[PDB]
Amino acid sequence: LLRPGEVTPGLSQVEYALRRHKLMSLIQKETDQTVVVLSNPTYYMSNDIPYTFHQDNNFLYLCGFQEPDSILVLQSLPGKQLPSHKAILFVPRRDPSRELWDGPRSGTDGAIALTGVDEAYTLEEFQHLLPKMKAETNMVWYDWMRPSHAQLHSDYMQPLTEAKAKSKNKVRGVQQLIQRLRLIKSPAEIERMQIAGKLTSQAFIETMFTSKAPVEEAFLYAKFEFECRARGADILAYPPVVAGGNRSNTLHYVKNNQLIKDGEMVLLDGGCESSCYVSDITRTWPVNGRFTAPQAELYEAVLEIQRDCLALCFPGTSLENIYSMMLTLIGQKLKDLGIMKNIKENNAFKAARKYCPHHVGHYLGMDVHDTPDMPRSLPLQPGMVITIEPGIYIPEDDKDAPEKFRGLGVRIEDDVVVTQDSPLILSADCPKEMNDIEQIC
């Protein structure tokens, strides 16, 4: 739960206020200014059946408020330069006839008390801001292209956006500025990510421990998800990959419903969300507990590639540089393994991209593919968090590879915090040396 002063676990009112300050500092670099960020709605599986609520992550990042159908406004102060501003929440009025179904919601006074924003009003009072926002002298920052909340957009912001679009001061997108902030984690955010990584690591360990041969993919999925949730994870962070044998070579395999035979490996990519931050981990292991000789050759190859790429996660290198290194190292291993017979086959990285068709990694945070418009060519800085997830995939019908490798796929994925010196591996507790894996099984 929450320590005094916390809005969400580990994250204080002042930390949220400092995020808002930094956003208004970014806007100042770009008369009156207004930022509008919508919350998520409640989504429905069918007309009378709701899904569990998940907040919009940009809304959540800036104020920590975990209820639907709300609007955050940051407004410049008359006679003061940015980054001075006030933060205002607009929330639904209390409605007992709806709380019977959906549960209690915050008052305006409750929203202020929890979050520490300056002011709060009901949604119906948002209209009083719109005349001033409509003026050609008012710069409005709002993500109108793909609104987070279709009805809030339609009712409260689409007329404003269309009115300003025919003016000299059009609405400007803001989510790309929020991404710049989410790119650099605070110590408190790193601690949240560490907790998620340790919890997920334990879920992997228990799933390896109960591995047997043969075993259903659906059972390993069920066990993994049970262990995450029983350990306090709120949700899984993405649909897991639980891909056995040759299905490990299907890169977006999520159906997880086939039997894994004795002598096959499972590729299990699984992560969870805890206190608003995620993990994203992949391990490959033999379900009977013992690597075969070709499985061990291939696995150790990927582990050595991953080791070398993890050592590059220091300030100044970029994900793009690390991807270049990965493809170079994959080419070396394909030669060593006898998969690549002629060195020229990795011209333009052709062989390496054939055997690892995906990138080396991505930014990680409140989302799995965190801040996706931030370039992978950016130099890494302390506080950025990335994955490193090389793999090598040899389809069973790949007659250009040695027969002993056909039908084997391996990926090893860890989550990494860049620091001033050595990277912090959030997923360090999750075994990946072959001897450690065989000991657990």
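Start at 1 with the first residue shown and count on from there.
Gap check for residue 48 to residue 49: zero deposited residues are absent from the model.
In this entry, 213-221 has the higher mean Cα B-factor, the comparison being between 365-373 and 213-221. Set 283-291 against 346-354 and average the Cα temperature factors; 346-354 ends up higher.
Ranking 269, 162, 264, 320 by Cα temperature factor from the entry places 162 first. Set against one another, the Cα B-factors of 302, 112, 325, 129 in the record reach their highest point at 129. Among all modelled residues in its chain, residue 206 ranks in the middle third by Cα B-factor. Among the modelled residues of its chain, residue 12 has a C-alpha B-factor that falls in the lowest third, as given in the PDB entry. For residue 277, the recorded CA B-factor ranks within the lowest third of the chain. Only modelled residues enter the ranking. The deposited CA B-factor of residue 340 belongs to the highest third of values across its chain. Residue 382: CA B factor lies in the lowest third for its chain, per the PDB record.
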